[PDB]
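So the chains spell out like this:
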Amino acid sequence: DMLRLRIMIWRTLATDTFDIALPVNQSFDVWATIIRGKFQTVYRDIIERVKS
Amino acid sequence: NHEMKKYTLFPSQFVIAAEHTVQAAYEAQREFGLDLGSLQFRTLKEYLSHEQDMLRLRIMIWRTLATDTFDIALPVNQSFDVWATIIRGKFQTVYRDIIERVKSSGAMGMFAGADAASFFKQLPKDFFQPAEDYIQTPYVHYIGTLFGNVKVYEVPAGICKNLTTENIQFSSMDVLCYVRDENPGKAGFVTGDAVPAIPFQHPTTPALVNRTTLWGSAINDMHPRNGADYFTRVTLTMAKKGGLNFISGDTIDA
Amino acid sequence: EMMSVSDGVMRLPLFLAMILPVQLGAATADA
Amino acid sequence: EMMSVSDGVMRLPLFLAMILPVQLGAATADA
Amino acid sequence: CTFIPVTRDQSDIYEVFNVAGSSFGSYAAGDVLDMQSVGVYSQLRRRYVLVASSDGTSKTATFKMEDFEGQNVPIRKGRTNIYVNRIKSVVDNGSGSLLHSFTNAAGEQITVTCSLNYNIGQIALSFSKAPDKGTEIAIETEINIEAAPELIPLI
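Residues numbered from 1 in each chain as written, not as in the entry; some residues may be left out. Chains lettered and ligands numbered in written order. Part of a larger assembly, values for the part shown. Heavy atoms only, no water.

In the PDB header, cryo-EM is given as the technique by which the entry was determined, and 3.6 Å as its resolution.

Below, the structure is given as structure tokens:
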């Protein structure tokens, strides 16, 4: 199992960055929606690349 | 006094075919157990529908002449409800303008790029109704309804890139709105099949060649009278001072 | 290069599976 | 023009629908 | 992970593709067709851009299928239309003529006269007056197959 994980981490190329610090004057619902949108975009890019 | 006018309509045609030699068929059957004839038949039958489906969209995007702009970036402090109400007001104004132009009622819909699709997906529950058991696909599919009336379909980024490559300008940020009419004499986009596609199979030539051909005719064009006025285009931007960029998670250029 | 070890015996390929072209379509009939 | 080719077959027009002017009105009697 | 069966030492996996088999239309032979593929191929009604942006001094324009297609192509009768600033006009008559008019930006009226050649697909457009700078002109026709049945594309 740990060998599987080692390979998974070692052999990846596509990278991405994002900020997670909550702004000073915001609630949690807005931030949760934003995080959901970001991760949806990530998965959309992945599926478009693989085309399945 | 009174006056009368006249308008006309007519269909077009489409043709496709495929070939393969006997020796290739035998090689495929022996080596892999394939069947060239069935594969080619299915491919032709599929592509005939696929191309017409794309052609509809190509015509709609090319013919449009009405433009509008908007900024959709979120203010750094505003809640989602206020912004959702503002967006709903804007789109209601756009649709009212379309109705005023045509002067008849009908249904409502949208064609949206991937980014605008995500922006809409971010909206709260009561404004936007996600499609039941939604699964993202590389195709052009249906994502849900918003405001209880407008049905919105999503266009993947690759299709937009291909369209822009072939001199049809359609950015991933762009959104197209339309109204489908219901009265008998008036309509925006007209479709129909005069003659459904007919298959022909030719026997093996003295040159040992197999060939099949599909022919057919149909109508796919915009209505002669005010057909273009039903549609409009909207382009969105993320540039407001003091906005929040959800791609990176911070302020938009401060 | 002797049969007493694993390298002595040669190998034979196997036809595992074949991938077929994906289905094509779109959805623009609502307009 | 022999009937063999696509041309040479006379075409017969068709009648679809009649469109009449929409009604007129306004609502300014409240004041 | 996904689980697959393995019996022998070395296995093989094959894939099949879809490729356009002709240079007709937008595509060229060797291109690949997929879900997100758009192009004119097997559709016989098309449109072409003639002048991207009209210069002020110009007064005539000619259209030849050799510029947009590799070879001369016959054209059906009474199916041709022209767009100026993406505005459709009436169709040509069955005898090789077309009369169309439109308003100039300043306000004058400009008439357009066209001539047709169905055998080779060539159109000559003559403007009564030089149009305003920046306008664009496009043409829409339908290809006659029964005249030239050897242009059928393949797969």
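Having seen the structure, we can now continue with the description.
A. Broad picture of the sheet that holds strand β8 (residues 174-180) of chain B. Residue and element names in this part refer to chain B. Spatially, the seven strands line up as an open sheet ordered β2-β11-β8-β4-β7-β6-β5, and their pairing is mixed. For this open sheet the edge positions go to β2 (67-71) and β5 (128-130), each flanked by a neighbour on one side alone. Between one strand axis and the next, the sheet turns through 30° on average, direction left out of account. Pairing of strand β4 (residues 107-113) with strand β7 (residues 150-155) involves five bridges; the strand directions are parallel. (Pairing = 2+ DSSP bridges. Helix = DSSP H or I, 4+ residues; strand = E, 2+ residues; numbered from the N terminus. Axes fitted to C-alpha atoms, helices over the stretch in contact; angles between N-to-C directions.)

B. How the structure looks around the side chain of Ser37 of chain E. Inspection of the secondary structure puts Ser37 of chain E in the loop between β1 (10-15) and β2 (45-51). Residue classification places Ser37 of chain E among the buried residues on the basis of a relative accessible area of 10%. At a separation of 2.4 Å, a polar atom in the side chain of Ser37 of chain E contacts the main-chain carbonyl oxygen of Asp34 of chain E. If sequence neighbours within four positions are ignored, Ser37 of chain E has contacts with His50, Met54 and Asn162 of chain B together with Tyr27 of chain E. (Buried < 20%, exposed > 50% of the residue type's maximum accessible area, 1.4 Å probe, protein only. Polar contact = N/O pair within 3.5 Å; in protein donor to acceptor, adjacent residues only side chain to side chain. Contact = heavy atoms within 4.5 Å.)

C. Spatial organisation of unusual backbone geometry. You will see that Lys51 of chain A, though not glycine, has its phi angle at about 65°, which is positive. Locating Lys51 of chain A in the fold gives a position in the segment after α2 (28-50). Backbone geometry places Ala254 of chain B, a non-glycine residue, at a positive phi of 55°.

D. Fine view of the environment of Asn85 of chain E. Within the secondary structure layout, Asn85 of chain E lies in the loop between β4 (81-84) and β5 (97-103). Residue classification places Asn85 of chain E among the partly exposed positions, given a relative accessible area of 41%. Through-space distance from the C-alpha of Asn85 of chain E to that of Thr60 of chain E is 17 Å; in sequence the pair is 25 residues apart. Apart from residues lying up to four places away in sequence, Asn85 of chain E is in contact with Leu65 of chain B together with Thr135 and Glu136 of chain E.

E. Structural context of helix α5 (residues 157-165) of chain B. Considered for burial, the residues of α5 of chain B that qualify are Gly158, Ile159, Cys160 and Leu163 of chain B. Where the residues of α5 of chain B are buried, they touch α2 of chain A together with α2 (36-63) and β7 of chain B. Just downstream of α5 of chain B lies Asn167 of chain B, where phi reads positive at about 70°.

F. Highlighting the sheet that holds strand β1 (residues 12-21) of chain B. Residue and element names in this part refer to chain B. Taken in spatial order, the three strands make up an open sheet running β1-β10-β9, and their pairing is antiparallel. Single-partner strands in this sheet number two, and they are β1 and β9 (189-202). Across the sheet, the axes of successive neighbouring strands diverge by a mean angle of 15°, strand direction being ignored.

G. A look at the side chain of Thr43 of chain B. With respect to the helices, strands and loops of the structure, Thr43 of chain B is situated in helix α2. Among the polar contacts listed, one links the side chain of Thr43 of chain B to the backbone oxygen of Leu39 of chain B, at a separation of 2.6 Å. Setting aside residues no more than four positions away along its own chain, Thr43 of chain B makes contact with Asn18 and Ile155 of chain E.

H. Summary view of the packing of aromatic side chains. Using the criterion set out here, one finds 15 aromatic pairs over all chains in the structure. Relative to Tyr14 of chain E, the ring of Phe32 of chain B lies with its centre 5.1 Å away and its plane at 40°, an arrangement referred to as tilted. Separated into two different chains, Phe32 of chain B in helix α1 (residues 22-32) and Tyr14 of chain E in strand β1 make up a pair that spans both. Accessibility expressed as a relative area gives 35% for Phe32 of chain B, which makes it partly exposed. The exposure class of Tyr14 of chain E is partly exposed, given its relative accessible area of 34%. Plain terms: the ring middles of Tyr47 of chain B and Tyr41 of chain E are 6.2 Å apart, the flat faces sit at 90° to each other, and that makes the pair edge-to-face. Here the residue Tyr47 of chain B occupies a position in helix α2, and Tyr41 of chain E occupies one in the loop between β1 and β2, the pair thus bridging two chains. On the basis of relative accessible area, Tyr47 of chain B is assigned to the buried category, the value being 4%. (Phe/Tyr/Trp six-rings, centres within 6.5 Å; stacked < 30°, edge-to-face > 60°.)

I. How the structure looks around the pattern of salt bridges. On inspection of all chains with the given rule, the structure shows 19 salt bridges over all chains. Overlapping salt bridges, with partners in common, bring together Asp97, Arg101 and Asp229 of chain B in one network. (Salt bridge = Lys/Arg side-chain N within 4 Å of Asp/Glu carboxyl O.)

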